[PDB]
Protein chains: 2
Amino acid sequence: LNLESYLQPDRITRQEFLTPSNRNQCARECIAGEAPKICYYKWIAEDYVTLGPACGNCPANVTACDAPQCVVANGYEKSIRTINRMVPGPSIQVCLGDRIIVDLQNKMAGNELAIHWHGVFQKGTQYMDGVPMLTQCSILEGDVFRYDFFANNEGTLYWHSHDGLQXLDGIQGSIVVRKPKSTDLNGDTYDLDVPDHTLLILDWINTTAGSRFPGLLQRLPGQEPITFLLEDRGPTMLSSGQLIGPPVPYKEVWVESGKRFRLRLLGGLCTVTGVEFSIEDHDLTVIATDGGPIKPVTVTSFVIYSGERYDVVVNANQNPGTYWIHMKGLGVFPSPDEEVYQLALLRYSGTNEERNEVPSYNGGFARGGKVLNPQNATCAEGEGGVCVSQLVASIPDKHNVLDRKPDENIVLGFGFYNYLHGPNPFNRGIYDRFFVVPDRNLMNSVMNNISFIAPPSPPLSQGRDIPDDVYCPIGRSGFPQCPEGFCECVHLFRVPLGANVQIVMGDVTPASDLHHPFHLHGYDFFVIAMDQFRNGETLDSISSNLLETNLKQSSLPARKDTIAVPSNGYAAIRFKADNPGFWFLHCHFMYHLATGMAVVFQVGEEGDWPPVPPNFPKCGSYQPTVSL
Amino acid sequence: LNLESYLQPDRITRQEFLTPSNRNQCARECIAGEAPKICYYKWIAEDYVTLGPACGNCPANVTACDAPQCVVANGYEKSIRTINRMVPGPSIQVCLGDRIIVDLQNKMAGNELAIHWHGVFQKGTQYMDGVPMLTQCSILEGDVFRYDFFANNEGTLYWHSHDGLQXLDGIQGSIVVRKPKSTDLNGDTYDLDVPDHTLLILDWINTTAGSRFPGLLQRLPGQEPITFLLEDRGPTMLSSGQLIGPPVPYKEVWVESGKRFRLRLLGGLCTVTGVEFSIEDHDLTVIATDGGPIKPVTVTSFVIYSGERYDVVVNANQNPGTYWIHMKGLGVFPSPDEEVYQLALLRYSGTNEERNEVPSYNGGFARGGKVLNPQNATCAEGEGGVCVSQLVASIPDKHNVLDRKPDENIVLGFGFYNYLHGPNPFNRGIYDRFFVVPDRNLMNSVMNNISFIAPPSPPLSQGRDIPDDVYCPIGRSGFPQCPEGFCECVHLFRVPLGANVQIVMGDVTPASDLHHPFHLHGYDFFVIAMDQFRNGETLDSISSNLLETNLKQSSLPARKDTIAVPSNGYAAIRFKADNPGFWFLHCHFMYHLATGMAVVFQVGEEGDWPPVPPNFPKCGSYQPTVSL
Ligand SMILES: *[C@@H]1O[C@H](CO[C@@H]2O[C@@H](C)[C@@H](O)[C@@H](O)[C@@H]2O)[C@@H](O[C@@H]2O[C@H](CO)[C@@H](O[C@@H]3O[C@H](CO[C@H]4O[C@H](CO)[C@@H](O)[C@H](O)[C@@H]4O)[C@@H](O)[C@H](O[C@H]4O[C@H](CO)[C@@H](O)[C@H](OS(=O)(=O)O)[C@@H]4O)[C@@H]3O)[C@H](O)[C@H]2NC(C)=O)[C@H](O[C@@H]2O[C@@H](C)[C@@H](O)[C@@H](O)[C@@H]2O)[C@H]1NC(C)=O
Ligand SMILES: *[C@@H]1O[C@H](CO[C@@H]2O[C@@H](C)[C@@H](O)[C@@H](O)[C@@H]2O)[C@@H](O[C@@H]2O[C@H](CO)[C@@H](O[C@@H]3O[C@H](CO[C@H]4O[C@H](CO)[C@@H](O)[C@H](O)[C@@H]4O)[C@@H](O)[C@H](O[C@H]4O[C@H](CO)[C@@H](O)[C@H](OS(=O)(=O)O)[C@@H]4O)[C@@H]3O)[C@H](O)[C@H]2NC(C)=O)[C@H](O[C@@H]2O[C@@H](C)[C@@H](O)[C@@H](O)[C@@H]2O)[C@H]1NC(C)=O
Ligand SMILES: *[C@@H]1O[C@H](CO[C@@H]2O[C@@H](C)[C@@H](O)[C@@H](O)[C@@H]2O)[C@@H](O[C@@H]2O[C@H](CO)[C@@H](O[C@@H]3O[C@H](CO)[C@@H](O)[C@H](O[C@H]4O[C@H](CO)[C@@H](O)[C@H](O)[C@@H]4O[C@@H]4O[C@H](CO)[C@@H](O)[C@H](O)[C@H]4NC(C)=O)[C@@H]3O)[C@H](O)[C@H]2NC(C)=O)[C@H](O[C@@H]2O[C@@H](C)[C@@H](O)[C@@H](O)[C@@H]2O)[C@H]1NC(C)=O
Ligand SMILES: *[C@@H]1O[C@H](CO[C@@H]2O[C@@H](C)[C@@H](O)[C@@H](O)[C@@H]2O)[C@@H](O[C@@H]2O[C@H](CO)[C@@H](O[C@@H]3O[C@H](CO)[C@@H](O)[C@H](O[C@H]4O[C@H](CO)[C@@H](O)[C@H](O)[C@@H]4O[C@@H]4O[C@H](CO)[C@@H](O)[C@H](O)[C@H]4NC(C)=O)[C@@H]3O)[C@H](O)[C@H]2NC(C)=O)[C@H](O[C@@H]2O[C@@H](C)[C@@H](O)[C@@H](O)[C@@H]2O)[C@H]1NC(C)=O
Ligand SMILES: *[C@@H]1O[C@H](CO)[C@@H](O[C@@H]2O[C@H](CO)[C@@H](O[C@@H]3O[C@H](CO[C@H]4O[C@H](CO)[C@@H](O)[C@H](O)[C@@H]4O)[C@@H](O)[C@H](O[C@H]4O[C@H](CO)[C@@H](O)[C@H](OS(=O)(=O)O)[C@@H]4O[C@@H]4O[C@H](CO)[C@@H](O)[C@H](O)[C@H]4NC(C)=O)[C@@H]3O)[C@H](O)[C@H]2NC(C)=O)[C@H](O)[C@H]1NC(C)=O
Ligand SMILES: *[C@@H]1O[C@H](CO)[C@@H](O[C@@H]2O[C@H](CO)[C@@H](O[C@@H]3O[C@H](CO[C@H]4O[C@H](CO)[C@@H](O)[C@H](O)[C@@H]4O)[C@@H](O)[C@H](O[C@H]4O[C@H](CO)[C@@H](O)[C@H](OS(=O)(=O)O)[C@@H]4O[C@@H]4O[C@H](CO)[C@@H](O)[C@H](O)[C@H]4NC(C)=O)[C@@H]3O)[C@H](O)[C@H]2NC(C)=O)[C@H](O)[C@H]1NC(C)=O
Ligand SMILES: *[C@@H]1O[C@H](CO)[C@@H](O[C@@H]2O[C@H](CO)[C@@H](O)[C@H](O)[C@H]2NC(C)=O)[C@H](O)[C@H]1NC(C)=O
Ligand SMILES: *[C@@H]1O[C@H](CO)[C@@H](O[C@@H]2O[C@H](CO)[C@@H](O)[C@H](O)[C@H]2NC(C)=O)[C@H](O)[C@H]1NC(C)=O
Ligand SMILES: CC1=CC(=O)C(O)=CC1=O
Ligand SMILES: CC1=CC(=O)C(O)=CC1=O
Ligand SMILES: [Cl-]
Ligand SMILES: [Cl-]
Ligand SMILES: [Cl-]
Ligand SMILES: [Cl-]
Ligand SMILES: [Cl-]
Ligand SMILES: [Cl-]
Ligand SMILES: [Cl-]
Ligand SMILES: [Cl-]
Ligand SMILES: [Cu+2]
Ligand SMILES: [Cu+2]
Ligand SMILES: [Cu+2]
Ligand SMILES: [Cu+2]
Ligand SMILES: [Cu+2]
Ligand SMILES: [Cu+2]
Ligand SMILES: [Cu+2]
Ligand SMILES: [Cu+2]
Ligand SMILES: [O-]
Ligand SMILES: [O-]
């Protein structure tokens with residue numbers, strides 16, 4: 001093949017999508033039964049900047065902000081990491097069955113790189129999952145790595161660096177795997193599903209991500225965002241709406257009177273901060289969760305966290321003009337006057353309405369209507385909330401998962417070891433991992449008192465090069481345990497190929513209203529249950545009851561890949577383990593992953609997944625025996 | 001071997017050095033004819049912080065600053081990169097012939113790592129030189145790499161990350177390869193040569209290094225330091241001496257009345273800023289240049305740049321008390337009131353003299369006496385300067401290098417491509433490397449109009465895996481050339497094993513009084529000539545004259561490994577190429593190396609250097625052919 005003939009552009013206009021000039025363009029309205037395409041992407045990862053030479057007089061000159069290598073963000077100048085000099089990076093807009101080939105060049109000084117295709121199952125292409133020391137060796141600076149896989153699962157998916165903290169510096173973007181409108185289970189719910197309506201909600205900091213790890217005890221503890229962006233832009237505001245940054249223009253989202261639009265909204269949030277999304281005078285018809293179609297539900301707002309995606313339909317049926325889109329930050333902020341939020345503008349074709357009054361932090365449009373994914377799972381009879389556990393999947397259970405007692409039942413108590421609650425770990429010749437949170441506690445993350453650390457080679461390709469003693473030992477229970485306030489080891493669960501697996505995850509050291517969003521690679525899962533703990537009620541007691549009763553909160557739960565566990569609560573998930581390999585399960589909050597809030601599931605045995613590709617990069621420690 | 005029995009401490013007190021408690025301690029007064037030692041170092045590279053939890057109430061509490069995992073710097077809190085939670089990192093203090101084994105663990109999120117042993121020739125251990133994509137593959141996060149080489153060349157040497165910008169974040173320290181005092185050629189010039197007198201002069205920024213690349217056009221262009229540290233500390237001062245930071249205590253250097261001390265001073269400067277070093281009322285007897293002994297010269301000050309080392313003897317023969325040590329920054333600073341310098345305190349045993357008046361930027365102690373390594377090579381009859389080209393080596397030429405016409409004569413015009421002098425490189429779908437300098441020029445670095453880029457594998461170990469077309473093509477001249485304002489390729493010179501090589505390096509695009517310090521790996525070299533250009537006088541004309549006349553500025557020039565080329569000038573160097581392998585030659589200013597101010601010399605052919613060690617890590621691009 002001449003790969004260059006399949007090269008896709010970084011950006012597609014709505015008109016190019018609707019009436020493509022090139023037969024090789026992958027961003028298209030898919031045609032049922034049409035041959036799949038090869039979609040080739042050439043990506044360069046660089047050290048780059050916000051504003052700077054590509055941005056001219058942005059944002060005094062608003063047009064300059066739209067230059068194709070200009071990154072505006074909130075208009076605060078800082079170092080960033082970019083794919084192809086854009087944040088978000090290029091969108092991969094394709095059709096179910098298309099082949100995705102990405103040539104990824106690492107040009108970042110001193111940095112290693114790997115990109116994970118979040119929500120893509122990678123069955124038969126496990127080597128492309130993009131996890132350093134799990135599915136591959138990271139890409140060294142000066143090298144290129146060719147990702148090659150099929151878009152064999154539908155929906156709004158996601159891509160980001162899975163290597164250190166690079167995501168929050170700007171290495172992230174969207175993947176949309178469209179179906180033909182006539183075969184999408186919810187194709188009747190909308191008229192248009194256009195690329196410019198694939199919208200990442202970003203959190204943003206005015207430092208690099210690395211400045212916040214371990215974090216700066218006195219002058220800037222913790223990893224809180226200062227603002228959000230919708231796609232590439234948004235100005236920094238106080239709670240009042242008063243600007244405390246350059247007047248970066250609000251993102252515009254264009255609709256047309258009398259038409260229904262599919263908005264594909266992504267949780268491009270890397271901090272612990274949730275977002276409650278609402279639109280002035282426009283209800284949201286929710287049609288998919290993490291790419292998985294649901295029976296439509298109409299709400300006035302939804303809550304989204306790191307790694308989640310929600311597809312909502314906006315019916316442009318209001319008086320044509322300009323309406324406010326409100327992104328309310330959910331977390332603990334420095335002060336009531338410094339609460340984090342962002343705005344955007346829903347604009348009707350044919351109108352040029354200027355809105356005078358900027359809404360405040362508390363000026364959102366949830367208007368006592370129903371909230372999807374509400375904080376603390378407040379969705380009981382009469383509470384005005386819908387939990388993701390109460391949704392109904394469009395696609396029935398194909399594999400007798402809901403209607404059999406799970407074969408494997410795993411309990412994960414996630415949380416923190418607080419060093420201030422034990423002997424001083426500093427100034428005594430040891431090197432314990434820590435991060436500084438906003439209240440100045442010194443934390444390391446744990447799962448069942450184990451802080452995850454990586455093996456020295458990816459087990460998917462180099463299992464035989466890895467010493468057995470790196471993995472947490474298996475106790476008499478049949479579960480991993482420590483070989484102290486915590487231990488560190490490669491926290492690995494083995495399950496047989498084809499097992500029905502239930503996982504119960506509990507917030508065992510609750511803090512700061514955190515809703516930790518747990519994400520499983522290689523799969524989607526049914527959401528079985530979620531709620532807050534009652535005093536006296538153990539994670540073990542809940543797990544045992546759910547196993548013995550087979551209780552679910554829906555007769556056919558939604559499938560998700562990322563689930564935000566209620567503060568001082570739990571979530572239970574269930575899936576059939578029919579995708580062999582090594583699959584990360586971790587908190588999607590980037591600084592929690594970075595401090596060990598993770599485990600791995602090995603599904604099956606070597607020989608169940610495909611053989612190692614020829615010339616696949618190898619890595620490991622180099623420690624030759626010293627003799628005299 | 002049990003390697004742990006050879007483990008060296010991170011720090012050695014003067015008393016431990018003078019009277020070791022352990023036979024295995026490598027930091028010692030060397031004994032002529034004593035068996036060499038194995039010196040084992042266990043190093044962990046982490047993301048860390050200045051101040052923070054290890055530092056208590058430093059510097060209000062001055063004792064807290066000395067905690068063994070506290071990094072005080074200038075007391076401004078920021079993210080750093082540390083070996084064993086100290087900046088400078090651990091000193092390797094050994095004796096000529098000792099074996100150095102370093103287990104280096106990479107624990108830095110998203111970062112690759114390699115450490116270069118600057119000034120160590122590595123003859124027979126070329127694989128340990130520490131250059132990414134030249135002598136090794138970088139170390140991935142989660143892996144350990146064991147460096148194993150001999151200290152087979154004497155003097156004050158140096159270690160630092162050779163991977164991106166990590167040096168200026170704190171990955172650097174000293175190497176001292178002592179001789180027995182009775183066999184050191186200058187052993188008679190001093191009484192003591194103690195570890196606490198191995199002193200790194202650091203430059204320091206209040207951002208991470210990565211924040212300054214490419215650099216921030218409007219609010220913070222360029223890569224200027226804000227202060228210097230002597231070892232781990234120094235407060236931030238205005239030109240007046242007024243503090244604009246926390247009152248971090250000045251570094252103390254202890255002497256004793258009536259004794260002579262060898263001070264081993266290192267240019268741990270990563271920015272373009274030179275330092276003029278002087279001590280109130282104390283002359284400096286210079287005895288070695290970059291580890292190479294010289295005929296002693298007495299001066300009142302010396303100038304030092306990035307990568308250089310100068311050993312000076314201080315005779316503690318003044319009225320006992322406290323004397324000022326002055327480190328004057330040489331460069332272009334934001335303003336006369338904001339010129340960069342640092343102080344330290346030379347204290348005599350038995351005294352507790354408090355000095356009241358803080359010296360200003362212009363209050364140094366050069367006192368019209370001679371300056372070694374003066375700016376612009378101002379060392380002609382009557383100018384009060386001594387150029388490094390006028391020094392005399394202690395050790396005669398062993399190999400008929402000075403007394404034969406060089407076999408290979410290489411001319412390198414180093415400088416910058418300024419994008420503002422050509423068509424806009426932004427917003428037209430290309431990715432040209434650039435950095436923003438303080439005057440807001442947009443630069444890429446060149447050598448003979450070539451901006452260096454790395455091959456995709458280290459040629460030392462993987463020459464047969466590298467496509468020929470990555471190297472700059474050889475023209476009819478027999479020299480590399482471009483295959484445009486500049487080109488990019490692996491800029492490689494081949495010389496035969498045993499060749500006598502002369503290299504002439506010229507500042508062909510002079511700017512901002514820059515004195516670019518060029519450093520050759522694997523070797524030291526005679527300094528043949530240095531001066532400023534006259535109008536009408538080409539680099540080619542100077543090179544040709546030096547080749548045909550065999551002119552030198554000394555009958556037996558000093559040997560150096562790093563030479564600061566005069567602004568709008570040149571330096572000529574000469575060496576015998578008897579060390580086979582692949583040897584980097586580059587500007588030691590870190591942001592110039594980072595933007596391509598480098599070439600490589602291949603000395604000999606595969607088979608001249610040792611075979612690839614068993615299990616040596618391999619790396620390269622992964623781009624399998626795409627078929628239908
Ligand atoms: C979602 O749910 C979580 C968790 O709620 C907890 O679990 C659920 C299942 C349920 O049982 C809840 O009842 C239970 O709270 C909510 O976060 C929690 O919010 C509560 C407050 O509503 C916090 O509890 C408070 O903490 C304060 C601070 O405590 C520290 O500092 C003080 C002073 O220095 C110390 O003295 C103290 O020891 C702590 O170190 C307390 O000051 C406060 O006490 C005061 O108020 C209570 C009444 O609530 C009185 O009982 C008390 O009298 S007395 O006992 O002092 O004599 C006194 O007047 C109180 O204990 C929890 O810490 C907090 N937990 C977590 C994990 O964050 C969360 O609420 C929201 O977020 C928190 C952070 C607040 O901002 C809160 O206002 C928010 O509503 C829920 N989220 C939402 C969206 O509703
Ligand atoms: C080490 O040596 C270098 C290089 O020196 C140069 O080469 C050597 C071999 C020798 O021939 C020198 O004579 C020659 O300068 C020194 O750096 C150089 O320093 C000189 C000044 O001494 C600089 O030249 C000046 O530049 C000024 C700024 O120019 C720009 O901006 C203006 C105004 O916007 C523009 O108009 C202009 O086009 C430029 O873009 C000029 O303003 C200045 O002109 C004024 O002064 C000169 C007399 O020097 C008059 O001729 C002139 O009259 S008129 O012609 O205008 O009609 C007018 O009054 C002048 O040209 C060089 O740019 C600079 N070069 C480099 C590479 O940096 C260095 O000196 C020191 O550093 C510099 C940066 C200054 O800080 C200087 O004060 C320092 O002494 C030497 N180092 C040391 C330690 O001595
Ligand atoms: C707000 O910012 C807008 C964008 O600015 C651009 O992007 C930012 C990020 C920065 O990189 C900016 O530096 C950059 O310009 C700006 O809108 C842009 O204005 C440009 C002109 O200022 C405009 O570019 C022009 O397009 C025309 C149409 O093709 C073209 O003729 C021009 O090329 C020639 O003319 C120039 C004079 O304007 C010459 O300087 C230039 O060298 C060139 O002359 C030669 O002519 C030859 C003919 O034989 C030709 O063959 C050669 O190629 C050429 N020589 C070379 C090598 O160049 C020039 O390309 C640009 O298209 C426009 N962009 C957009 C998206 O609109 C705004 O400017 C304002 O609005 C514009 C529409 C213009 O009316 C401006 O005059 C006006 O100020 C700016 N707003 C404000 C208030 O400043
Ligand atoms: C300026 O800062 C100095 C250094 O501070 C240290 O380093 C910084 C970076 C931070 O990490 C600080 O938090 C850290 O302390 C500080 O000097 C230090 O003061 C320490 C005491 O405050 C001192 O440590 C003590 O050393 C003694 C001698 O061995 C030891 O007895 C102490 O342990 C017991 O006593 C403590 C009460 O002081 C108890 O709280 C502690 O838990 C412990 O009690 C138990 O006792 C058992 C006996 O059966 C024993 O077996 C157990 O181990 C123990 N329990 C446990 C588990 O701990 C304590 O270790 C430290 O040596 C000293 N360091 C240096 C280098 O001097 C300065 O403090 C001032 O000067 C000191 C010399 C003291 O006089 C202080 O009182 C004085 O304030 C500080 N300057 C100022 C003005 O604050
Ligand atoms: C990029 O991202 C960075 C973070 O990485 C952003 O930095 C943050 O910006 C915010 C907002 O500007 C800063 O908050 C301000 O801090 C100053 C200084 O605070 C210090 O000094 C005071 C005493 O002098 C101490 O009390 C304090 O603890 C601290 O040590 C404060 O003065 C600001 O407070 C005032 O504005 C607040 C917001 O309106 C208001 O709530 C507050 O009321 S108050 O009673 O609670 O104190 C203050 O109100 C003013 O009061 C005076 C009278 O007292 C009136 O005359 C004024 O009109 C009032 N001003 C008003 C109403 O605005 C405020 O807290 C963060 O400190 C800073 N964080 C860090 C870590 O730097 C940066 O903005 C981002 N840049 C961009 C472009 O995005
Ligand atoms: C960590 O590292 C960072 C860099 O990464 C350090 O940041 C740097 O700190 C320096 C020193 O504080 C800053 O320089 C100051 O900047 C302020 C603000 O400048 C801006 O506003 C003014 C107008 O309001 C503009 O003119 C200017 O272009 C800019 O846009 C200036 O006000 C300061 O100037 C005053 O102090 C100077 C030094 O003494 C003095 O030369 C100057 O005289 S002046 O005539 O040239 O202007 C000023 O003098 C004062 O004048 C007033 C009357 O006008 C008197 O009443 C006062 O008493 C005078 N103050 C005196 C004598 O001190 C000054 O330039 C850098 O801007 C800053 N850089 C960046 C990029 O942030 C940081 O300090 C480091 N921290 C630590 C702990 O190390
Ligand atoms: C992780 O460690 C905690 C203790 O820090 C365990 O909690 C305790 O368990 C014992 C029983 O083994 C109880 O008697 C203690 O009261 C518990 N302490 C608490 C809850 O603070 C916890 O069970 C451990 N996790 C796992 C999965 O073993
Ligand atoms: C690098 O490129 C420069 C031009 O940008 C070369 O300089 C020129 O050389 C030609 C002769 O080939 C002269 O006629 C021009 O006047 C020069 N331009 C200048 C000096 O601005 C330079 O020689 C190149 N370097 C090498 C080693 O070839
Ligand atoms: C425990 C904890 C963890 C965090 O990440 C955060 O931001 C706040 C907290 O309190
Ligand atoms: C050309 C140039 C390069 C630099 O590195 C610097 O700091 C200043 C300059 O002017
Ligand atoms: Cl797009
Ligand atoms: Cl498979
Ligand atoms: Cl921030
Ligand atoms: Cl609580
Ligand atoms: Cl030491
Ligand atoms: Cl050899
Ligand atoms: Cl700085
Ligand atoms: Cl000049
Ligand atoms: Cu993800
Ligand atoms: Cu994922
Ligand atoms: Cu978490
Ligand atoms: Cu993941
Ligand atoms: Cu070096
Ligand atoms: Cu070197
Ligand atoms: Cu340079
Ligand atoms: Cu080097
Ligand atoms: O992920
Ligand atoms: O170097």
# chains A, B, ... in the order shown; residues from 1 in each chain; ligands from 1
>>> closest_atom_pairs(of="chain B", to="chain A", cutoff="6 Å", atoms="only C-alpha atoms", output="JSON lines")
{"residue": "B:1", "atom": "CA", "partner": "A:627", "partner_atom": "CA", "distance": 5.9}
{"residue": "B:52", "atom": "CA", "partner": "A:217", "partner_atom": "CA", "distance": 5.4}
{"residue": "B:54", "atom": "CA", "partner": "A:426", "partner_atom": "CA", "distance": 5.5}
{"residue": "B:68", "atom": "CA", "partner": "A:427", "partner_atom": "CA", "distance": 5.5}
{"residue": "B:69", "atom": "CA", "partner": "A:427", "partner_atom": "CA", "distance": 5.1}
{"residue": "B:79", "atom": "CA", "partner": "A:211", "partner_atom": "CA", "distance": 5.0}
{"residue": "B:109", "atom": "CA", "partner": "A:164", "partner_atom": "CA", "distance": 4.4}
{"residue": "B:110", "atom": "CA", "partner": "A:164", "partner_atom": "CA", "distance": 3.9}
{"residue": "B:111", "atom": "CA", "partner": "A:111", "partner_atom": "CA", "distance": 4.2}
{"residue": "B:112", "atom": "CA", "partner": "A:111", "partner_atom": "CA", "distance": 5.4}
{"residue": "B:142", "atom": "CA", "partner": "A:456", "partner_atom": "CA", "distance": 5.6}
{"residue": "B:143", "atom": "CA", "partner": "A:621", "partner_atom": "CA", "distance": 4.8}
{"residue": "B:144", "atom": "CA", "partner": "A:621", "partner_atom": "CA", "distance": 4.7}
{"residue": "B:145", "atom": "CA", "partner": "A:622", "partner_atom": "CA", "distance": 4.8}
{"residue": "B:146", "atom": "CA", "partner": "A:623", "partner_atom": "CA", "distance": 5.0}
{"residue": "B:163", "atom": "CA", "partner": "A:110", "partner_atom": "CA", "distance": 4.8}
{"residue": "B:164", "atom": "CA", "partner": "A:110", "partner_atom": "CA", "distance": 3.9}
{"residue": "B:211", "atom": "CA", "partner": "A:79", "partner_atom": "CA", "distance": 5.0}
{"residue": "B:217", "atom": "CA", "partner": "A:52", "partner_atom": "CA", "distance": 5.4}
{"residue": "B:426", "atom": "CA", "partner": "A:54", "partner_atom": "CA", "distance": 5.5}
{"residue": "B:427", "atom": "CA", "partner": "A:69", "partner_atom": "CA", "distance": 5.1}
{"residue": "B:456", "atom": "CA", "partner": "A:143", "partner_atom": "CA", "distance": 5.3}
{"residue": "B:621", "atom": "CA", "partner": "A:144", "partner_atom": "CA", "distance": 4.7}
{"residue": "B:622", "atom": "CA", "partner": "A:145", "partner_atom": "CA", "distance": 4.8}
{"residue": "B:623", "atom": "CA", "partner": "A:146", "partner_atom": "CA", "distance": 5.0}
{"residue": "B:627", "atom": "CA", "partner": "A:1", "partner_atom": "CA", "distance": 5.9}
>>> residues_around(residues="residue 514 in chain B", least_positions_apart="2", cutoff="9 Å", atoms="only C-alpha atoms", output="list in words")
residues 272, 273, 331, 507, 510, 511, 512, 516, 565, 566, 567 and 568 of chain B
>>> write_last_selection(atoms="N, CA, C and O atoms", output="CSV table (one decimal), in the first residue's frame")
chain,number,residue,atom,x,y,z
B,272,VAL,N,23.2,29.8,29.2
B,272,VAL,CA,24.2,30.5,28.4
B,272,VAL,C,25.1,31.5,29.3
B,272,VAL,O,25.8,32.3,28.7
B,273,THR,N,24.9,31.5,30.6
B,273,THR,CA,25.5,32.5,31.5
B,273,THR,C,26.8,32.0,32.0
B,273,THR,O,26.9,30.8,32.6
B,331,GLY,N,26.6,37.8,31.1
B,331,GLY,CA,25.6,37.6,30.1
B,331,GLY,C,24.8,38.9,30.0
B,331,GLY,O,25.1,39.8,30.7
B,507,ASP,N,32.1,31.1,15.8
B,507,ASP,CA,30.8,31.8,16.1
B,507,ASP,C,30.4,32.6,14.9
B,507,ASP,O,30.6,33.8,14.8
B,510,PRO,N,27.1,35.6,15.6
B,510,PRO,CA,27.3,36.1,17.0
B,510,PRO,C,26.1,36.8,17.5
B,510,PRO,O,25.4,37.5,16.7
B,511,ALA,N,25.7,36.6,18.8
B,511,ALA,CA,24.6,37.3,19.4
B,511,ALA,C,24.9,37.3,20.9
B,511,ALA,O,25.4,36.4,21.4
B,512,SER,N,24.4,38.4,21.5
B,512,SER,CA,24.3,38.5,23.0
B,512,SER,C,25.5,38.1,23.8
B,512,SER,O,25.4,37.5,24.8
B,516,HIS,N,30.1,30.2,23.4
B,516,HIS,CA,29.5,28.9,23.3
B,516,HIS,C,30.6,27.9,23.7
B,516,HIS,O,31.7,27.9,23.1
B,565,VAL,N,34.3,29.3,23.3
B,565,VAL,CA,34.7,30.1,22.1
B,565,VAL,C,34.4,31.5,22.3
B,565,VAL,O,33.2,31.9,22.6
B,566,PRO,N,35.3,32.5,22.1
B,566,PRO,CA,35.1,33.9,22.2
B,566,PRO,C,33.9,34.3,21.3
B,566,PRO,O,33.7,33.8,20.2
B,567,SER,N,33.1,35.3,21.8
B,567,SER,CA,32.0,35.9,21.0
B,567,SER,C,32.6,36.5,19.8
B,567,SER,O,33.7,37.2,19.8
B,568,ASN,N,32.0,36.2,18.6
B,568,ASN,CA,32.5,36.7,17.3
B,568,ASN,C,33.9,36.2,17.1
B,568,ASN,O,34.8,37.0,16.7
>>> residues_near_ligand(ligand="ligand 7", cutoff="10 Å", atoms="only C-alpha atoms and all ligand atoms", output="list in words")
residues 411, 412, 413, 414, 415, 417, 446, 447, 448, 449, 450, 479, 480, 481, 482, 484, 485, 486, 508, 509, 538, 539 and 540 of chain A
>>> closest_residue(among="A:308, A:364, A:209, A:352", to="residue 324 in chain A", atoms="only C-alpha atoms")
A:364
>>> residues_around(residues="residue 520 in chain B", least_positions_apart="5", cutoff="12 Å", atoms="only C-alpha atoms", output="JSON, numbers by chain")
{"B": [118, 119, 120, 121, 129, 290, 307, 308, 503, 525, 526, 559, 560, 561, 562, 563, 573, 574, 575, 577, 582, 583, 584, 585, 586, 587, 588, 598, 599, 600, 601]}
>>> residues_around(residues="residue 31 in chain A", least_positions_apart="6", cutoff="9 Å", atoms="only C-alpha atoms", output="ChimeraX atom specification")
/A:95,179-182
